[PDB]
Amino acid sequence: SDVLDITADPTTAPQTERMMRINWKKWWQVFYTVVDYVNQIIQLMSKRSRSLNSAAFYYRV
């Protein structure tokens, strides 16, 4: 497919190892996503100077 775009797909390995690694990467990716999410709030904090009511949205509800 394409000009050598797909020339490394047939690893032909129906093994639980790689599959479980994908399962682990799914958790691992969202684990850094939840961090990035909070990090984004910290970026928002810069555009929304004085984010006391924002960060403490818990008590705001």
# chains A, B, ... in the order shown; residues from 1 in each chain; ligands from 1
>>> select_by_dssp(residues="chain A", states="helix (DSSP H, G or I)", output="VMD selection string")
chain A and resid 16 to 47 52 to 55 57 to 60
>>> residues_around(residues="residue 45 (chain A)", least_positions_apart="6", cutoff="12 Å", atoms="only C-alpha atoms", output="list in words")
residues 38, 39, 51, 52, 53, 54, 55 and 56 of chain A
>>> write_last_selection(atoms="N, CA and C atoms", output="tab-separated table (two decimals), in the first residue's frame")
chain	number	residue	atom	x	y	z
A	38	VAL	N	-4.74	18.63	33.51
A	38	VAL	CA	-4.49	19.54	34.62
A	38	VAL	C	-3.47	20.61	34.21
A	39	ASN	N	-2.46	20.18	33.46
A	39	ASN	CA	-1.45	21.10	32.93
A	39	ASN	C	-2.10	22.18	32.07
A	51	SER	N	-6.90	32.61	39.17
A	51	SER	CA	-7.78	31.48	38.90
A	51	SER	C	-8.22	30.80	40.20
A	52	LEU	N	-8.47	31.60	41.23
A	52	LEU	CA	-8.85	31.05	42.54
A	52	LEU	C	-10.21	30.37	42.47
A	53	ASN	N	-11.17	31.06	41.87
A	53	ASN	CA	-12.52	30.54	41.72
A	53	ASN	C	-12.56	29.42	40.68
A	54	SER	N	-11.58	29.42	39.80
A	54	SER	CA	-11.50	28.43	38.74
A	54	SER	C	-10.90	27.12	39.25
A	55	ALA	N	-9.75	27.20	39.90
A	55	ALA	CA	-9.07	26.02	40.40
A	55	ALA	C	-9.84	25.39	41.55
A	56	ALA	N	-10.51	26.23	42.33
A	56	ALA	CA	-11.32	25.77	43.43
A	56	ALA	C	-12.77	25.62	43.00
>>> decode(residues="region 26-49 of chain A", atoms="N, CA and C atoms", output="short mmCIF file (atom, residue, chain, number, x, y, z; two decimals), in the first residue's frame")
data_model
loop_
_atom_site.label_atom_id
_atom_site.label_comp_id
_atom_site.auth_asym_id
_atom_site.auth_seq_id
_atom_site.Cartn_x
_atom_site.Cartn_y
_atom_site.Cartn_z
N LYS A 26 -2.74 1.98 26.51
CA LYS A 26 -4.00 2.70 26.61
C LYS A 26 -4.11 3.40 27.96
N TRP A 27 -3.76 2.68 29.01
CA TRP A 27 -3.74 3.25 30.35
C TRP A 27 -2.61 4.27 30.47
N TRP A 28 -1.46 3.92 29.92
CA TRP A 28 -0.28 4.76 30.00
C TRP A 28 -0.49 6.08 29.26
N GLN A 29 -1.24 6.05 28.16
CA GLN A 29 -1.47 7.25 27.37
C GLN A 29 -2.45 8.18 28.08
N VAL A 30 -3.50 7.62 28.68
CA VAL A 30 -4.49 8.44 29.37
C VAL A 30 -3.94 8.91 30.71
N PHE A 31 -2.97 8.18 31.24
CA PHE A 31 -2.32 8.55 32.48
C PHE A 31 -1.57 9.86 32.31
N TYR A 32 -0.97 10.05 31.15
CA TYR A 32 -0.29 11.31 30.85
C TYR A 32 -1.27 12.33 30.28
N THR A 33 -2.44 11.85 29.89
CA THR A 33 -3.49 12.74 29.39
C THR A 33 -4.18 13.45 30.55
N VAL A 34 -4.40 12.72 31.65
CA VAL A 34 -5.01 13.32 32.84
C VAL A 34 -4.08 14.37 33.43
N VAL A 35 -2.79 14.13 33.30
CA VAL A 35 -1.78 15.09 33.72
C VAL A 35 -1.81 16.31 32.81
N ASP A 36 -1.83 16.06 31.50
CA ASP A 36 -1.88 17.13 30.51
C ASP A 36 -3.14 17.97 30.67
N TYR A 37 -4.24 17.31 31.05
CA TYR A 37 -5.50 17.99 31.30
C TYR A 37 -5.33 19.04 32.40
N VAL A 38 -4.74 18.63 33.51
CA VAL A 38 -4.49 19.54 34.62
C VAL A 38 -3.47 20.61 34.21
N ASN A 39 -2.46 20.18 33.46
CA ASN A 39 -1.45 21.10 32.93
C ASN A 39 -2.10 22.18 32.07
N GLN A 40 -3.13 21.79 31.34
CA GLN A 40 -3.86 22.72 30.49
C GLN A 40 -4.60 23.75 31.33
N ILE A 41 -5.12 23.32 32.47
CA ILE A 41 -5.79 24.22 33.40
C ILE A 41 -4.79 25.25 33.92
N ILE A 42 -3.54 24.82 34.02
CA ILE A 42 -2.47 25.68 34.48
C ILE A 42 -2.10 26.69 33.39
N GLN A 43 -2.25 26.27 32.14
CA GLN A 43 -2.06 27.17 31.01
C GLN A 43 -3.20 28.18 30.96
N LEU A 44 -4.41 27.68 31.20
CA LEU A 44 -5.60 28.52 31.27
C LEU A 44 -5.46 29.54 32.40
N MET A 45 -4.81 29.12 33.48
CA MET A 45 -4.56 29.98 34.64
C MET A 45 -3.76 31.23 34.24
N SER A 46 -2.95 31.10 33.20
CA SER A 46 -2.13 32.20 32.73
C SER A 46 -2.97 33.21 31.95
N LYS A 47 -3.96 32.72 31.21
CA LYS A 47 -4.83 33.58 30.43
C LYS A 47 -5.98 34.10 31.29
N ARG A 48 -6.26 33.37 32.35
CA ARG A 48 -7.29 33.75 33.30
C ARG A 48 -6.65 34.11 34.63
N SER A 49 -5.87 35.18 34.61
CA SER A 49 -5.17 35.68 35.79
C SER A 49 -6.07 35.65 37.03
#
